[PDB]
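Participant:
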Amino acid sequence: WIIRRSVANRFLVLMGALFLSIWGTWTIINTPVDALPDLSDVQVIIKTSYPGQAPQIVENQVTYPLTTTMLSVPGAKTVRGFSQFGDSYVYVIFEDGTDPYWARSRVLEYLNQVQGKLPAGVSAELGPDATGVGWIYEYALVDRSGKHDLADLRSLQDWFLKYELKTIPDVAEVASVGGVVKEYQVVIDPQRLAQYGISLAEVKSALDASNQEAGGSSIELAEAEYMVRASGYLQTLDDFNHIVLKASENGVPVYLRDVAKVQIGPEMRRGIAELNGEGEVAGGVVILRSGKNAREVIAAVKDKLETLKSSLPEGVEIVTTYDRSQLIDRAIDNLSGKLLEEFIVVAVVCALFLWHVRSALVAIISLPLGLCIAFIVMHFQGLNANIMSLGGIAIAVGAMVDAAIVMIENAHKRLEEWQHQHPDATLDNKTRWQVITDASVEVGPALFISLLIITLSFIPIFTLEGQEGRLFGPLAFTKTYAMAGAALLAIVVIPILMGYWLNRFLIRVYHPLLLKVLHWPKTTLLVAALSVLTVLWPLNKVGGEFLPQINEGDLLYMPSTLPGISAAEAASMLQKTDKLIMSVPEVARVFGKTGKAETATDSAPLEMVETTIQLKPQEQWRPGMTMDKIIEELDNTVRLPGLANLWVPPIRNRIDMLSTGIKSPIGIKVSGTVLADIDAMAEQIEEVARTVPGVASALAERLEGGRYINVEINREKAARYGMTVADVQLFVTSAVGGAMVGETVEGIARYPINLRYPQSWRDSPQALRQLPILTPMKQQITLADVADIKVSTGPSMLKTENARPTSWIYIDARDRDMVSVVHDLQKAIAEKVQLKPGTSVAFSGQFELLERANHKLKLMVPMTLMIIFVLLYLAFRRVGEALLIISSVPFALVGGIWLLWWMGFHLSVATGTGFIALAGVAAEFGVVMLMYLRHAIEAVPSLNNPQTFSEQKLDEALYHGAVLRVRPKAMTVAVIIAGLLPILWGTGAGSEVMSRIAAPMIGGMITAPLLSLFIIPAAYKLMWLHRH
Amino acid sequence: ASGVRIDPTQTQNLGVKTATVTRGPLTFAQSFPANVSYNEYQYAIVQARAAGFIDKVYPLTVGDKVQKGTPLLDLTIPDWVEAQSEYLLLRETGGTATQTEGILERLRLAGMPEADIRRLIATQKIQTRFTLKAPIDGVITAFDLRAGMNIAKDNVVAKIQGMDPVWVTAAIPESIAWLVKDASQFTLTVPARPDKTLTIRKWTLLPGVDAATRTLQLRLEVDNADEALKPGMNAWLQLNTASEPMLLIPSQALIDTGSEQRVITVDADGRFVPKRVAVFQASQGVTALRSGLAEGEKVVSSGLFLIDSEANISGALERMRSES
Amino acid sequence: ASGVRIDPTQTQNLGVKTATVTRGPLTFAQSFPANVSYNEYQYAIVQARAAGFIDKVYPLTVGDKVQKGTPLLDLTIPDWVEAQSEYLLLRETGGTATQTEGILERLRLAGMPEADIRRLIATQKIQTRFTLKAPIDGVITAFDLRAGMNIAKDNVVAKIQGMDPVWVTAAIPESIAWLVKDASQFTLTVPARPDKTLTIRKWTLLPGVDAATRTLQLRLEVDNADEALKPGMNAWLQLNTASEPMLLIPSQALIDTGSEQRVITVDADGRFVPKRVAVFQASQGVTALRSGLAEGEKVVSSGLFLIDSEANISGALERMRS
Ligand SMILES: [Cu+2]
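Residue numbers (the entry's author numbering), protein chains in the order written: chain A, 4 to 504, 517 to 1043; chain C, 79 to 402; chain B, 79 to 400.
1. Which residues end up in the neighbourhood of ligand 1 when you take C-beta atoms closer than 5 Å to any of its heavy atoms?
2. Does the beta carbon of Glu322(C) sit closer than 7 Å to a beta carbon anywhere in chain A?
3. Grouping DSSP H, G and I as helix and E and B as strand, with all else coil, what is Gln629(A)?
4. Going along chain B, which residues have a C-beta under 8 Å from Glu252(C)?
5. Assuming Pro810(A) and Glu719(A) form a contact by the criterion Cβ under 8 Å, report the distance between their Cβ atoms to the nearest whole angstrom.
6. Would you report the Cα separation of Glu625(A) and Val355(B), rounded to the nearest angstrom?
7. Check whether the stretch 220-235 of chain B and the stretch 124-137 of chain B touch, using three or more Cβ-Cβ pairs below 8 Å as the test.
8. Quick check: the stretch 706-718 of chain A against the stretch 756-772 of chain A, are at least 3 beta-carbon pairs closer than 8 Å?
9. Across which residues does DSSP place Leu298(C) in a beta bridge pair?
10. When DSSP labels each residue in this structure, what does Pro983(A) get in the three-state scheme?
11. Applying the criterion that 16 or more other CB atoms from any shown protein chain within 10 Å of the CB defines a buried residue, is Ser108(A) buried or exposed?
12. Any chance the stretch 929-936 of chain A sits against the stretch 843-850 of chain A, with 3 or more Cβ pairs inside 8 Å?
13. How many angstroms separate the CA atom of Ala263(A) from the CA atom of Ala270(C)?
14. Grab me the residues of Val189(A)'s own chain with a C-beta within less than 6 Å of its C-beta, minus the 5 sequence neighbours each way, in chain order.
15. Quick one: list the residues of chain B neighbouring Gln590(A), beta-carbon separation under 9 Å, in chain order.
16. Using a Cβ-Cβ distance under 7 Å, would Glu338(B) count as near chain C?
17. Please report whether the beta-carbon of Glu388(C) lies at a distance below 7 Å from any beta-carbon of chain A.
18. Which residue comes first and which comes last in the beta strand (DSSP E) that contains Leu150(B)?
19. For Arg399(B), decide whether its Cβ has a neighbour in chain C, counting only Cβ atoms nearer than 7 Å.
20. Along the stretch 102-124 of chain B, where does the CB come closer than 7 Å to a CB of chain C? Name the residues.
21. Which residues in chain B have a C-beta closer than 7 Å to the C-beta of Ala188(C)? List them in chain order.
22. For the stretch 352-367 of chain B, which residues have a CB atom closer than 7 Å to at least one CB atom of chain C, in sequence order?
23. So which residues of chain B does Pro137(C) contact, with C-beta pairs closer than 7 Å?
24. Against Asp241(A), what residues of chain C qualify as contacts under a CB-to-CB distance less than 9 Å, listed in chain order?
25. Give the secondary structure of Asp44(A) by DSSP, where H, G and I count as helix, E and B as strand, and everything else as coil.
26. So, helix, strand or coil for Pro820(A), using DSSP?
27. What separation, rounded to the nearest whole angstrom, lies between the Cα atoms of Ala1023(A) and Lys416(A)?
28. Could you compute how far the alpha carbon of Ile155(C) sits from the alpha carbon of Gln239(C)?
29. Can you tell me which residues form a DSSP beta bridge with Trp662(A)?
30. Short of 7 Å in beta carbon distance, which residues of its chain neighbour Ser24(A), apart from the five on each side in sequence? Order them along the chain.
31. Counting beta carbon pairs with one atom in the stretch 240-259 of chain B and one in the stretch 275-290 of chain B, are three or more of them shorter than 8 Å?
32. Mind checking if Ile796(A) is an interface residue toward chain C, Cβ cutoff 7 Å exclusive?
33. Below 7 Å between beta carbons: does that hold for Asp593(A) and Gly280(A)?
34. Round the Cβ separation of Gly84(A) and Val93(A) to the nearest angstrom and send it over; I've been treating them as touching at under 8 Å.
35. Under the criterion of a Cβ to heavy atom distance below 6 Å, does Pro272(C) qualify as lining ligand 3?
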């Protein structure tokens, strides 16, 4: 075919690979780099602050009508909902491929037509460009000198760092976390309001007119423009104190300082941050734009900090609590090292089989070029250098040379004939020209098509919808890129390069059991199918997991607790836990967090905690300590009553939340239209889940465990004193509550101002009943005179998903395998827990992800077999031929299973991939095996058979085909198993998934050839007899 | 087996603290606003005994403090002359002592002050010009007679109000009424004088409530010899009141879910066991139960929540309810 | 089942902002609102000694400045006529030298002015027309009689109050009664006159404070010969002073509830230990303590260690000791 038009292009093709190598060495250095192919789902959130209003009224009015005007949005997968106290979180997730920014602009116009069907004081705030997974850099601000405090640090963070960082490109948002926002607290004396005859309402009003500036236009003096500026900003405590409330004719006024003390104090603390269980601190998380480079940004951040490390107030040091750049480095500085393994190993192994230095060099220059073509393609494509993109350029390295050697081999022996018929001392350039080309032509069709096979039989993987398709997608692209590259190049350069430039003691161990296989060939096939069934058994033992448990240097610790906890107590609980975590000698830093950080990405209650755990270098752990053995001491050392604790990877979780929302690997969703029912169903499942053989934690967040002190105002009682429902409430919100009334304007910054009675008056329900009230008519009463105050229980966090209430059960199993527990749960649940009417129960988390992948994989196997069927049919044209190879691949699959069992691995989409690619390599072996047998029939001895039968001639054509393969095979099944062997053993940062995807092949690459050395042959002598 | 067991090393890390159930009265505490005002038993309103005109008006206006004796003004009262010259001429023609006494009597019960009469007898001279002086120590709150005027009976030359045993009246909201009882303990403080510890001589709960404000009036008489308590000053009155002897526990130790209230009892072995109690009242950091416990019993106060949670999750709570 | 232990008490080792208890003075610097008014020791209400009718009233009215002697009005009083005859008769018939002093003294008790009696003896003619003059220099703040009217003894022909030693009264907040009692000197300043500003060293603190605006009343006299400071003018009373040495601590250091003020002190080891104190009074961002701390103790200047929302102070402070 094309090999003919190849040699003619002997010249400018050489420079075509020279400028390809020098341009392939440039693109490689300047390729973006990450740890994984961004696996996050496209989302757009809508945070709203409906101040005061209880959860229920927040749901019905501000939240519900949003998830229903969002669900019916073009390309919306699912919409989750969050109705906390004074906070509304609408989560809108879109379907695969849906342009993020498109969805954004859609949410905006939808937000325009619902901005009206919402309460007056509400404004739907649009979230950031990034998601929770965009949490790259995290740091805490500490000052041991004491010169600065939590207030000063937060201010430093909000008004300096946050600004010096947000201007870093590709950064979507720099959120602050923890610390203290200084608040101007005007604490009012209920008594002085009576003594001075000034009402609360009057105070608020006065304050609301003592803190602004005014423009008096301009005035022309000396032909110049003089601007009339009027002061009036509230910038001193005295300015607060001398706020006029009341003035007599005498000219003697009554200032705010007469009925209140103006003191500086903390504001409502949203979230809380604690470091190493020995200090509460402020900090900030750097959140990276949706699809931008995670590493490229961290570096720009570090240097930006070193620029500020001098301009920081003497005493403030920036400790770092989470650095994703470190995992990046330990991931890329591993896939690189493993590409050096297979490279030098395959080259050396092909050097011990090929005696010639220039012969090996030809199959050696087959990698540097197969490399370049893979890169210069990814740049055009739009692919960065991550573990799953290099893992593809690593899983494929074995066949790249398998494209070069199988050609070279046929020329090594095709040159041994011209020497045995012709002399040995006369040869020229044209006589050394013909020999190599002839050999390349005979192996031209078989290989190129079989490499078009390996890359098309593997094509079906692209159909993997969503996260896994985002994972193995790049690996799919990269494997195909480098394969098609080492295939199209093997017919353009390889032949010319090879033209320019103990095998005994295995052929003696092979044929004894080969000539033996020709003892009633039929029987050997049956015992082979029988071995396939014995090799089928191991399946039962192996476990099931959506993906290998990848190990990052750090890990998040979230312990779930009942709904009611108080902020102060949660903060206490937090620091306590930190000190325990810091007790274990493998962890270097502990960055605890309760509540949320200043970002719509984090909507966590103070009752829920997530602490980032940094671990000392993997080479400092105690003797026989593993990541799993570490967590054991953690889950055994860190544990307080009424608290269930879950341990996860940082990155994994932010993605586990964006795809489903569950924190844990295992989770159960109990949706319902009556909270009392779903909460009843969540508790029962919580009890059954904790009796399963391999569970550690089981807690289902309640849906109405919130405590209430409600002030049921009496209209008639209030009217007595000429008070409206509104007038009474003013005390609830501002007197009793810390309601904000304004904010100071301090330069670029801004701080809140609030009115409130001293704590003692609002200490307890009893207290609220004797809450001093100065009525409009200057009468002195207590709050209970116009209202009843009752304690009650109710909703704590109205959670919705598709506008349907739901509770999540967080299960923590890590000693067993996922699929085992999830099934043992399906059995435990669906037998002991009788479902109630309007209550639904369904598993989620990573299991819901396995059922999406397995439905794809099962509708992805037939089609990969149909393509293999047509590639065998196009190159051989024989039905029975194709059939025989299609029936041979199962043997390769079977062998790969034992290695999983031995290695103790599990069934993953990682492993599942290894088998699809393994089958593509099995049929790659199956064909190059047949071409030796079929062309053994083209010879004269086998031309004698169709004319007249011969029991001797048929066995000799097979014996010659067997020898015609033991050389190729010994190379193919060498470079593959030997090249893939390095990236097999677990140990390695990210290798966790690159081995699960390698074992299937390696294990199958042993019994695929070893078996298909006797199967296919003893079936071509049993299929040749039929037609005759 | 009601209750729930918990590894002590966890409770210790939780920093669990426990309190012991006792019995006694619950000291109610509450603060009310009060006014420093004049003593209304030190009330003098000087009025002329008879008509005349003002000769002298001493340096004195409304707002000044006058000591008992301070001269207010000088006036000429002629009404008593006819009866005086009749006495002095009888003194000439030596009349009977009874004829004399009878004239110094028509003088007495006709206005003339005893002191000015004692002066008539001592000088045998007709008294015409008189000096009106402050009858008591106090502050002048009214002064309607200046120089150049005529004075009348109904005219008020000086309203003098005292403030030594100074009054301080506190306003208690009517609904609370019950909190102030006989045995109640009071303590005063005046913002103007943070350095002065006041002494309450006695107190009274007036018979009626101020309709203008809907508050009962509580009057305190307070030693004020140094005159540090000027009328008009704000004064804060804090009262304490013992209640009926009740079971007493700390307030952090009590859980209330609006339909039931309970506390976590620490067993003899350490087994945390929840128990239903009935609250009666609570104030100043301590709640009083009407029933549900027994003096001696321990009750958790620190780490209460988590322990209640653990006791809730372990079905101990649902057990506590179904056993009784 | 780990026997591993941990300190449950709250902890803060990542730096704390501390200050030390210092014995010193509370410094003050305030401007009291004051007013200029008439001298109420220069008062005069002119009434007739006996009823009659106004013959003529001189060009005068309220708001006018009069000096002693300024004629107010002329009136006819026919109450002393009957007796004036009785006297003049004692002259035509040489009555006793004491019968005359009699009629002449009953006449002065009758109300007839000492000067109008002399004009009787001199002219030897009965007096019916009299003229009332201003008794003192001052301003006519009232003038109730005009021409064509009659007159009674309750009527007021002139309410004349002066202002040479003019009065100024300042309203000092109840709060600093403990301080102003032992004041040294105030500095008077009136907006109407930037040149009439002067130091005041003698004043009188009244025994009563105003209720509407809970304020002490401080009155002082000022020389006003040139009639500069007119009554009705605003004025300011400045006070720069410092209190007796007391235990001082930063204001942000005192954690005060509605009934419980206290401060968190850093001991010799650096451990947080909350103590109950008693506050006297603050000034300029620094409160003075009556009792609770020692002179030199360390105390953290922050109520910023308890979440505002609802860090139940009692509970939160207890989490720091054990
Ligand atoms: Cu979470």
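Ideal placement from N, C-alpha and C gives every residue a C-beta, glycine not left out.
Facilitator: So, from the listed chains and residues:
1. Having a Cβ closer than 5 Å to some heavy atom of ligand 1 are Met573(A), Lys678(A).
2. The beta carbon of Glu322(C) does not come within 7 Å of any beta carbon belonging to chain A, so the residue lies off that interface.
3. Here DSSP, grouped into helix, strand and coil, assigns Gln629(A) to strand.
4. Chain-ordered listing is empty here: chain B has no CB closer than 8 Å to the CB of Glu252(C), the nearest sitting near 22 Å.
5. In this structure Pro810(A) touches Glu719(A) by the C-beta definition: roughly 5 Å separates them, less than 8 Å.
6. Each residue's Cα considered, the two are about 39 Å apart.
7. Counting Cβ pairs under 8 Å, three or more are found: they touch.
8. Too few Cβ pairs lie closer than 8 Å, so no.
9. Bridge partners of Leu298(C): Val246(C), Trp281(C).
10. Correct three-state label for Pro983(A): helix.
11. So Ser108(A) ends up on the exposed side.
12. Too few Cβ pairs lie closer than 8 Å, so no.
13. For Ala263(A) and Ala270(C), the distance between alpha carbons rounds to 15 Å.
14. Excluding residues within five positions, the ones whose Cβ falls inside 6 Å are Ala263, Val265, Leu770.
15. Among the residues of chain B, those whose CB is under 9 Å from the CB of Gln590(A) are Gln88, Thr89, following chain order.
16. Taking CB atoms only, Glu338(B) has no neighbour in chain C less than 7 Å away.
17. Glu388(C) has a beta carbon lying within less than 7 Å of a beta carbon in chain A.
18. Note, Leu150(B): beta strand (DSSP E), 149-154.
19. No, its Cβ sits nowhere closer than 7 Å to a Cβ of chain C.
20. Residues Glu118, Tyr119, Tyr121, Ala122, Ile123, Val124.
21. Per Cβ cutoff of 7 Å: no residues; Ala188(C) is ~16 Å from chain B at best.
22. Residues passing the 7 Å Cβ filter: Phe358, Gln359.
23. For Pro137(C), the chain B residues whose C-beta falls within less than 7 Å of its own C-beta are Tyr119, listed in chain order.
24. Residues of chain C passing the Cβ test: none, with the nearest at roughly 19 Å.
25. Per DSSP, reduced to three states, the secondary structure at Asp44(A) is coil, with no helix or strand assignment.
26. Looking at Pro820(A) - three-state DSSP - the assignment turns out to be strand.
27. Rounded to the nearest angstrom, the two C-alpha atoms are 25 Å apart.
28. Rounded to whole angstroms, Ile155(C) and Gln239(C) show a C-alpha spacing of 26 Å.
29. Answer by DSSP bridge pairing, in chain order: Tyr572(A).
30. For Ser24(A), where only same-chain residues beyond five positions count, the Cβ hits under 7 Å are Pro371, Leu372, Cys375.
31. A contact between stretches requires three or more CB pairs, one per stretch, nearer than 8 Å, and the stretch 275-290 of chain B meets this requirement with the stretch 240-259 of chain B.
32. Yes, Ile796(A) counts as interfacial toward chain C.
33. Annotated as proximal: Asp593(A) and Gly280(A), with beta-carbon spacing under 7 Å.
34. About 6 Å separates the CB atoms of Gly84(A) and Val93(A); that is less than 8 Å, so the two are in contact.
35. This structure does not include ligand 3; its bound ligands are ligand 1.
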